Structure formats: structure tokens, C-alpha cells
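> Here you go, one structure.
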2 protein chains.
Amino acid sequence: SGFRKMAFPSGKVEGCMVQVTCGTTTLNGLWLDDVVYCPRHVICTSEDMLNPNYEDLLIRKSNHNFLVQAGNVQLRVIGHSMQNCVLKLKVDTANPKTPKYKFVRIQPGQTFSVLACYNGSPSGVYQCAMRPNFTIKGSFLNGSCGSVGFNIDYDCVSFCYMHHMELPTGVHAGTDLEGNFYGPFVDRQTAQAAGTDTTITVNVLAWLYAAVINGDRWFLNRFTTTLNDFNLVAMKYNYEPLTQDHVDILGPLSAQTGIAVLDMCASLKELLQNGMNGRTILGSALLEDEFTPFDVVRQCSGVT
Amino acid sequence: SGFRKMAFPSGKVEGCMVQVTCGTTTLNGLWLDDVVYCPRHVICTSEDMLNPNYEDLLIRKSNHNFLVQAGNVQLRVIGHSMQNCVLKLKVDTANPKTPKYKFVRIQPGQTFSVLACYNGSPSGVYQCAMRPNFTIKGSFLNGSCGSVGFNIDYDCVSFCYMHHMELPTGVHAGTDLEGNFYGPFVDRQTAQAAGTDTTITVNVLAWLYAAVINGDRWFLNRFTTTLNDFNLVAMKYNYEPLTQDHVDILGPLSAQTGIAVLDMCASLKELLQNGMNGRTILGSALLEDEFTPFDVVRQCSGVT
Ligand SMILES: CS(=O)(=O)Cc1nc2ccccc2[nH]1
Ligand SMILES: CS(=O)(=O)Cc1nc2ccccc2[nH]1
């Protein structure tokens, strides 16, 4: 029993983190096979970040200007290319610790683990969600860029995020491992404001199922609702609309608990309208939305 | 910026997890050098757990009855001994992945990372605190016993916890790596009720400093207090008494922020008396107490 915000074990990703330095800028790279992936803004000064022309800045860079260090050992750079907002540094040594891996572009509401790194060294691991406004709420200091987000399915690491930017509001923006930003964000130090940070309804419902499984039951009520009725309330509270696809995804938790998805919606509706009244659910005083239905099943069933 | 509940990177501990089976019981062991450490209740049936005589049960066990598997490779057991509530299984192979390590017995209010495992395979990592009643609020299913808690200082793993028991209230009890339970708990399926789960005041204050550093400032007020006045309010709210030692430990955060510890106490006093009024601090609607002052400094400074 018990339900925690749980990250994936980080060892497979620790074995991929390297330091990348270009001139006076040091950040992290991801070493898979004989390629090191890092944010292209490694080539920028803080001054450059105001209005960078990456193609123009990159002309002044040679392979020997990209210093890549794996632990205390230097890697030889034999090629570089820019793909969207990432650089791919070809090195002459395949990472001997390269796990089975994939690059995946996640959807808003999907969760992942972040291995926060500085100078190519892992500092900590924590669980994130892709917000509906395509930001993440991370923990990233200067030097953390190129830290990655990932999921693990048994022995395959799906890399989904690389850290690039902090917005003036202290939320985070980054790319997939093809270097495409999530959402509208750019790697420039400019006016970039995030949209509404809506609540991931399907994840809240998953977490309420988790709560029932783990004996937190006080919020269960005598009511049901419909998707349309629920959605009128979601809209009012800046929750994401619940779709039949979401109801289908919650089917296994519904089955395990015997609580119909629409009955759990009506519990959530009352919690939104009435608040928690100073009560807690799984140790939280707000409705938690960074567990997916898959996360809840995984943690409640003990997948390794 | 941003402040997350962050675990230590788990790779160094992943490389130490093995499966231990005795008869029909499978749980996890920790393989360091040529010793595998596991809960002594591996020798029990569920029936045995009602009133186990461990010395008597152990007489019926030989080295060859302890099946130890590291990945898909069997380890040869050449000795076993019971130390308090752990078994030490001597194997004929030193763990090649043994990190620098120490065994430490932590104090209530200290935090640590847990690597939740099943069948010797890591499932997830999360951050815990030793509660003032010597329980932890973990995430542990059948098969998770022998999962460990740890801190890392650069390259040295300090192991502080091994998982043994779930209480009927769904909180967790375990031992240090010398097999001594934290608190009054025993490895028997009996009436064991936890005491008051008081709030770790010094950790709340650390987290309020973290909040100020990360731009959450609304709760700062025009008031100060004294330790004695603060402690009258702590007592009323089931907070741990704040000592001068705690004030001293908060000195670096006080210095960084320029907020006197006693002024932050007076902010906490008002939050206790007035509540949050539907506001959040670092994304929480309750006062978080599973960050130590050391955790806040580490995360705010980016230690690897
Ligand atoms: C990337 S490569 O050098 O073209 C081929 C390769 N990929 C590897 C991954 C791990 C170990 C050796 C490996 N050789
Ligand atoms: C424990 S032992 O067999 O007595 C000595 C030992 N400890 C080691 C740790 C890592 C690799 C080889 C090692 N040999």
C-alpha cells in the first residue's frame, strides 16, 4: 500500500549523460551510440540568446570547439550537425552503456522522469508531466540544460524531453530528441508567456482511483454524472475536457475498484464545487494530476 | 528555478539489488562486496509471521535453501547469519558494481531515497522522510521487502533503511542495514499502532525558504516570534518543537534570503493559525515537511 510520486530508476540514463562545453558555455549532453545530443544554444553567449542566428553562429564552430567529457575522459568529436533545436555531435566511440532506446514525442498530460544534471553529472530524479500549455514544472538551475526526460518500458528507455529554457514565470520549455520544442516556445531570450495551465482531468481521475485502492475513500459520494455535465464543470474549473477515449483508458481502474468512471467523475465534480474542507487525499490537499492511468496501474501492480 | 521532490539518482543502488527466495517467499536483497543483506522474514510463511521464532525457523535453513539471483545469474551462498532483523548471506562473488558505501542509522526528520524493487528488479525511486513516529510513508506492495533507502554524498551511498513491514494503517516500518528497526516495530504480524505523526518543523521552514528562493513569497508577513512562543503554537498543531540546533541548521538559508529564522517562524505561525486560504506554496496546498535544510541547499545550489 501507499502511493508516491515515483520516478523511473535512473541508472540506464545516468550511463548516457556527458558534459558539453562550447567556448564559455557548459551544459549536458545525451550520449547514445556514437552521437551526443545537446541543446543548440550551447553555441550562444548569454548576449547571443537575445536574438541568436543559430546557422550563422554555427559557421564559426568546428568539431574541435565542442568539448565532450564522459566522466573524466574526453570524447573525440568527428562531426556535428544541427537538427531543429538540437546539435548532434558525432563522436568516435559508441557509448558502451547505451541502453535499448527510442525517441518519442509525448502528448500533453503524459508523465515522465527527469534526470537533473550539471556538468554531465546526475544530481536528482523526479517525475514531471507535459502540461496542457506544453510547459513542464521542473527543477532546473543554470547548467541543467540538456538534462533529459524519459519513460522506461522494462529495458527500453523512451527519451521524450531535453531541457532548453526557463520562462520568466519560472516554468520550463524544451524539445523532444529530434529538437522540436513542445508547444510554441523558441530558444531565444524573449517575451514567451505560457497559456492557461489547465488540470489534466484523466490524471486526476486516475489518482482518485489510486486513492480508493490505497484506502482513501472519504470523497466517494452517492452521485453520478454524464460526460457533458461533468465537462460543463471541468470548463468552469480550468480542467481539460474528458473524452470517451479517457473513459476507455480508465476502464481497467474502474474494473479493479468497481467504481464506474462517471461515478468517479461525480466525486471529482463535488470536490471541485465543495473543495477538500481541510481534508487530504493520498497526503495531498489539492487534486494531483501528474499520474497517468498507466502510472497508477504500474505503481498499484508493481511493474519492474 | 522550480523546486521538486527529488530522489538521488538510483543507478549505484540498482547495481546492488538481487532477488532472494527461501522456500515460497521471494523478496529483495542488497548485494555489497560478498554479502547479500535481506529481511530475516524471508524464512517465514505468512502463517509463521503471526508468532515467528526466527532462531528456531533458521535452524531448518541451510545455505543451499537461500536462492540468490542477480539478474538471470545465480549466486553461490557459502554462509548465512542473522544480525538483529536482517540476514547476511555470504556469497562466493563480490558484487562487481559495489559502490563506495556506508551503513548509517538516520534520525526522525531525515529524508532519503527509496528504490522500490520486486524480484530483485527496480520499479521506481521516490523520496521519503523518517517520520517522528519512526514510520515512513512509502509505496510498497507484496514482494517489495528488502527494498532500501539511501542518501548519496558525491560517490558514497549511505544506506539507511531496508523495508520490512506494512502496519494495518498502511504506513511502513523497517530497519537500518544492521537490522535494527526504526522505532518500536517488530517483524511479526501483530497489533502495532504508530504514534502521532507530527510535522517536522525544521523541514517545513527549510521548504518555506525554498519557496522564497523560487519566488513564492505571498506568506511572508510583518511579524516575528520567539522559539518559546513559536513552540506553544507548534505543540497545538502537532509540530515538532523547534530547537536552537534547528535555528543554527537554517542559518545558511536565512543568510541566502535575508529572512531571519524567527521571522520565517512567525510566517509559519500565521499559516498554521490562518491556513492557506486556497493558496499554494511551491504547488502544495499543505506545508511540506519532507525536505531537510540540507535538501533545500543541495537542490537550490545544484550539487551532483
Ligand atoms: C555507434 S557505432 O559506433 O556506430 C556502433 C556501436 N554502437 C554501440 C553501442 C554500445 C557498444 C558498442 C557499440 N558500437
Ligand atoms: C568482498 S570480497 O570478495 O571479499 C572482496 C571484493 N570486494 C569487491 C568489490 C567489487 C569487485 C571486486 C571485489 N572483491
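The numbers used for chain B are those of Swiss-Prot, and the residues that appear cover 3264-3567, in sequence.
We read in the header that X-ray crystallography, 1.4 Å was used to get this structure.
Note: Cβ is positioned from N, Cα and C throughout, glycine not excepted.
Look at Swiss-Prot and you will find B:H3304 tagged as active site, for 3CL-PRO activity. The annotation active site, nucleophile is assigned in Swiss-Prot to B:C3408. Annotation source Swiss-Prot lists ubiquitin cross-link at B:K3268, B:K3353.
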> So among B:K3268, B:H3304, B:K3353, all listed as recorded positions, which is physically nearest to the residue listed as 'active site, nucleophile'? Use the C-alpha atoms.
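Out of the listed candidates, the nearest Cα belongs to B:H3304.
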> Inside 10 Å of the Cβ of the residue listed as 'active site, nucleophile', count up the other Cβ atoms and send me the figure.
25
> For the recorded positions B:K3268, B:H3304, B:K3353, which one has the sparsest Cβ surroundings, going by other Cβ atoms within 10 Å?
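Sparsest of the recorded positions B:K3268, B:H3304, B:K3353 by Cβ contacts within 10 Å: B:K3353.
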> List the Cα distance (Å, whole number) between B:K3268 (ubiquitin cross-link) and B:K3353 (ubiquitin cross-link).
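The Cα atom of B:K3268 (ubiquitin cross-link) is 36 Å away from the Cα atom of B:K3353 (ubiquitin cross-link).
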> Measure from each Cβ of the recorded positions B:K3268, B:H3304, B:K3353, B:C3408 to the Cβ atoms of chain A, and list in sequence order the residues where some distance is under 8 Å, or 'none'.
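The recorded positions close to chain A are B:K3268.
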> For B:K3353 (ubiquitin cross-link), which of the three DSSP-derived states applies: helix, strand, or coil?
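Note: B:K3353 (ubiquitin cross-link) is in a strand by DSSP.
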> Can you tell me whether DSSP puts B:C3408 (active site, nucleophile) in helix, strand or coil?
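Looking at the DSSP assignment, B:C3408 (active site, nucleophile) belongs to neither helix nor strand, so coil.
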> How many Å separate the Cα atoms of B:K3353 (ubiquitin cross-link) and B:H3304 (active site, for 3CL-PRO activity)?
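Pair distance, Cα basis, whole Å: 17 Å.
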